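The primary structure of each chain is shown beneath.
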Amino acid sequence: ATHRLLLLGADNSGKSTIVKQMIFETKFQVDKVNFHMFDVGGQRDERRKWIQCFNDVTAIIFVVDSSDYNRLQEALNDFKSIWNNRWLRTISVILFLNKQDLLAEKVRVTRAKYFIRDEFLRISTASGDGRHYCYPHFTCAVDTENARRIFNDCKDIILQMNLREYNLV
Amino acid sequence: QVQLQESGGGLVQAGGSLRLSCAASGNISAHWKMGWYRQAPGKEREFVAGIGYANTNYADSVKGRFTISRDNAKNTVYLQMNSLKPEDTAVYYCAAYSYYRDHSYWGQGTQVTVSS
Amino acid sequence: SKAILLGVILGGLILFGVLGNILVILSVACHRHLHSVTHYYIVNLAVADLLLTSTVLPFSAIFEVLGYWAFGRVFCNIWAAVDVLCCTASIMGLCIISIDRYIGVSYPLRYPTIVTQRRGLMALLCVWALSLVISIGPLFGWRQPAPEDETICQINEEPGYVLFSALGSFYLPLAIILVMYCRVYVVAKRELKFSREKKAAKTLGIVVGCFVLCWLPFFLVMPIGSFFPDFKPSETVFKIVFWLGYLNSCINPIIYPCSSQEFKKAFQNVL
Ligand SMILES: CC(C)CCC[C@@H](C)[C@H]1CC[C@H]2[C@@H]3CC=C4C[C@@H](OC(=O)CCC(=O)O)CC[C@]4(C)[C@H]3CC[C@]12C
Ligand SMILES: Cc1cc(C(C)(C)C)c(O)c(C)c1CC1=NCCN1
């Protein structure tokens, strides 16, 4: 009933806004299910101790700032490193393209936010092979309904685990 | 339906001889047993003799002196009781029971008396 | 002549069922990473099928090849009671496996709070108690007076004991298994849509089809022939529908550990 999550992503992406206004610790609870999030910080920057943080974790919650472009290739290379092999295998990634309201002001609203998701999905469709999924979401700081999305994505992860167990897929 | 009607019994002196018969008025399958049981007034039914396709069984108190036989064409079973001791005074029934299914047809009964 | 032939194919089935059901138990008794309630629901099914294939079924094979019962009457009573008990416990183990899989694919996150380590133990207790209540039915009250010949071993076929136990031992678990597995099938189609319905349909189809193909002939011949006097079947068809229910306990280790990837990694490791 206690699911461990692994928060990751680049800095200035609203991870604290995800944590507060919804290696450090976080605990929250949706529908009497308790989630336990290990905030590593900047991936390949500091506090990258995967010995206990990635030990039987349920999912990795990558956070991307969808307003800046000078560090978007850095986040793309970060997701390419984490998704393919960073000692985190068969661990599904719940991607949060954060700060969606900070994109429409700088940019008709369909092609403004789907290309950015398409690059992360192009990276996620190179080493999947049915081992683990990727769940991308368009989130913003004025949207505190992200816990429902984390709940439903972990529900689908464990449902696919039970389907793979009982030989139904 | 099969209605076993037995006969042949009567009044025998001690050490005498009797020949019980049991008819069928029907058809018993060859994969069914057919036996003779005995109940004294006061005690319960005990097995006495039985003949089927797989074995021929006796009770250990009548083992040497009783003889069961079967005619499957006339569907009858005989019990030749020789050297009748004065404890066989009872009612003898014939049965047409199965080996492995709860199917048992039962006869009417025949009084057999040994005295001395 | 044919007694040795039928006896050696029967004993081959006995050794296959015993070896399979001891391999299912050895896959958990040595691999300590299998410790959940889902694995115990397969362990008790293997325990019931191992008790049937070890303690009951050699005497069934001897009774079939000899033609008569060569042991006592108390051994016949014990053998018939343990026969009904182990077959009923096997069917109810299949039923509780089906219920566990339904509330495992319908509530994936809320599964350790709805199937705890205490409610699964109580479900095992309540299926084994009901199997023992059905099997010690004719041992005091539910029995017409059997013949006193020691070389017969007649099963109880009372109309009212056959109907009640047939209902509460096959036809309620059949309806439960059908409902839970049809809902599992509906979930498994993502509630490539051709490669998903085919695999789940085949996987659940062999699971429900082996169960119905082994047990529905027996539980359709037994209450119908005990109630309608016109339908009296042959004596070869009764032995066939009797031994198909025995065949289910040898079929079960091929199905249910091979419907689990941890059991598929442990089964080929222990053999
Ligand atoms: C087709 C028939 C013959 C068999 C069907 C299976 C039953 C033997 C199972 C299925 C549902 C089970 C029940 C499901 C839930 C529970 C948990 C538990 O419930 C409680 O009251 C415990 C306290 C709580 O839950 O808060 C006790 C056992 C019980 C009733 C189980 C008893 C055994 C049951 C009836
Ligand atoms: C003999 C028997 C009788 C009944 C009733 C119907 C008479 C109660 C049963 O439910 C069960 C399970 C059995 C055991 C058995 N059947 C096929 C193989 N082994």
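Shown above is the structure to which this text applies.
These notes cover the structure that comes with them. (Residues numbered from 1 in each chain as written, not as in the entry; some residues may be left out. Chains lettered and ligands numbered in written order. Heavy atoms only, no water. Residues with missing side-chain atoms left out of burial classes, pairs and counts.)

Observations regarding the overall build of chain A
- A tally of helices and strands in chain A yields six helices and six strands.
- The order of α-helices and β-strands along chain A, N terminus first, is β-α-β-β-α-β-α-β-α-α-β-α.
- In terms of its C-alpha atoms, chain A occupies a principal-axis envelope of roughly 45 × 30 × 30 Å. (Helix = DSSP H or I, 4+ residues; strand = E, 2+ residues; numbered from the N terminus.)

Topic: the site of ligand 2
Residue and element names in this part refer to chain C.
- Around ligand 2 sit 13 residues, and of these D83, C87, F218, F242 and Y246 come closest.
- At 3.4 Å from a nitrogen atom of ligand 2 is found a side-chain nitrogen or oxygen belonging to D83.
- For ligand 2, the protein covers 98% of the area, taking 460 Å² as the surface of the free molecule.
- Broken down by secondary-structure element, the contributors of at least two residues to the shell around ligand 2 are α3 (73-105), α5 (162-187), α7 (218-225) and α8 (235-255).
- Tallied by class, residues from the shell around ligand 2 come to 10 nonpolar, two polar and one charged. (Near = heavy atom within 4 Å. Polar contact = N/O pair within 3.5 Å; in protein donor to acceptor, adjacent residues only side chain to side chain. Areas by Shrake-Rupley, 256 points an atom, 1.4 Å probe, with all protein chains shown as cover. Nonpolar A, V, L, I, M, F, W, Y, C, P; charged D, E, K, R; others polar.)

Observations regarding the nonpolar core
- In terms of nonpolar packing, the biggest core is built from 78 residues, with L168(A), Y181(C), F211(C), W215(C), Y246(C) and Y256(C) touching the most fellow members.
- Here this core gets 13 residues from one element, more than from any other, and that element is α3(C).
- Apart from residues no more than four positions distant in its own chain, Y246(C) is found in contact with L52(C), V56(C), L57(C), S60(C), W79(C), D83(C) and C87(C).
- Core analysis: the next-biggest nonpolar cluster, separate from the first, contains 29 residues, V12(B), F66(B), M81(B) and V112(B) among them. (Core = buried A, V, L, I, M, F, W, Y, C linked by side-chain atoms within 4.5 Å. Buried < 20%, exposed > 50% of the residue type's maximum accessible area, 1.4 Å probe, protein only. Contact = heavy atoms within 4.5 Å.)

Some remarks on the sheet that holds strand β6 (residues 56-58) of chain B
Residues and elements named next belong to chain B.
- Taken in spatial order, the six strands make up an open sheet running β2-β10-β9-β4-β5-β6, and their pairing is mixed. Looking at the sheet topology across the chains shown, the edges are occupied by β2 (11-13) and β6. Recorded for the sheet is a direction-independent mean angle of 30 degrees between the axes of neighbouring strands.
- For β2 and strand β10 (residues 110-115), the ladder comprises three bridges, and the chain directions are parallel. In the sheet register, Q13 faces β10, and the bridge partner there is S115. (Pairing = 2+ DSSP bridges. Axes fitted to C-alpha atoms, helices over the stretch in contact; angles between N-to-C directions.)

A few points about the sheet that holds strand β3 (residues 17-22) of chain B
Residue and element names in this part refer to chain B.
- Here four strands make up an open sheet; going across it, the order is β1-β3-β8-β7 and the pairing antiparallel. Only two strands of the sheet have a single partner each, and these edge strands are β1 (6-7) and β7 (66-71).
- Judged from the six bridges that link them, β7 and strand β8 (residues 76-82) form a sheet pairing that is antiparallel. Bridge pairing in β8 places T67 opposite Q80.

Some remarks on the site of ligand 1
Residue and element names in this part refer to chain C.
- Around ligand 1 sit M92, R119, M122, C126, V127, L130, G168, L172, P173 and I176, and those are all the residues in its vicinity.
- Here an oxygen atom of ligand 1 sits 3.0 Å away from a polar atom, N or O, in the side chain of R119.
- Taken by itself ligand 1 offers 740 Å² of open surface, and the protein chains cover 50% of this.
- Elements represented by at least two residues in the shell around ligand 1 include exactly α4 (119-135) and α5.
- Residue contributions to the shell around ligand 1 peak at five residues, all from α4.
- Here the residues of the shell around ligand 1 sort into eight nonpolar, one polar and one charged.

Topic: the pairing of strand β3 (residues 33-39) of chain A
Residues and elements named next belong to chain A.
- Most of β3 is tucked away, with five of its seven residues classed as buried.
- Pairing geometry for strand β1 (residues 2-7) and β3, over six bridges, is parallel. Its bridge partner being in β3, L7 is matched across the sheet by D39.
- Strand direction decides the pairing type here: strand β2 (residues 24-30) and β3, joined by seven bridges, are antiparallel. In the strand pairing of β3, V30 is matched with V33.
- Hairpin geometry of β2 and β3 is characterised by an intervening segment of two residues between the two adjacent antiparallel strands and by a positive phi of about 55 degrees at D31.

Section: the interface of chain A and chain C
- Counting residues at the interface gives 20 residues for chain A and 25 residues for chain C.
- Interface of chain A and chain C: buried area, both sides summed, is about 1,900 Å²; carbon and sulfur atoms make up 62% of it.
- Of all residues in chain A, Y166(A), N167(A) and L168(A) give up the largest surface area on contact with chain C, accounting jointly for 38% of the area buried on that side.
- Where chain A packs against chain C, one counts zero salt bridges.
- Here chain A is connected to chain C by five residue pairs in polar contact.
- When residues of the side of chain A that touches chain C are traced back to their parent elements, those giving at least two are β3 and α6 (146-165) of chain A.
- For the side of chain A that touches chain C, the leading source of residues is α6(A), giving 10 residues. (Buried area = accessible area lost by both parts, 1.4 Å probe. Salt bridge = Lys/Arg side-chain N within 4 Å of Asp/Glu carboxyl O.)

Considerations on the interface of chain C and chain B
- Facing the 22 residues of chain C at the interface are 17 residues of chain B.
- At the boundary of chain C and chain B, one finds four salt bridges.
- A salt bridge links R45(B) to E148(C); its shortest N-O distance comes to 2.6 Å.
- Mapped by element, the contributors of at least two residues to the side of chain C that touches chain B are α2 (37-66) and α8 of chain C.
- In terms of residue count, α8(C) provides more of the side of chain C that touches chain B than any other element does, three residues in total.
- In terms of residue class, the side of chain C that touches chain B is made up of 10 nonpolar, four polar and eight charged.

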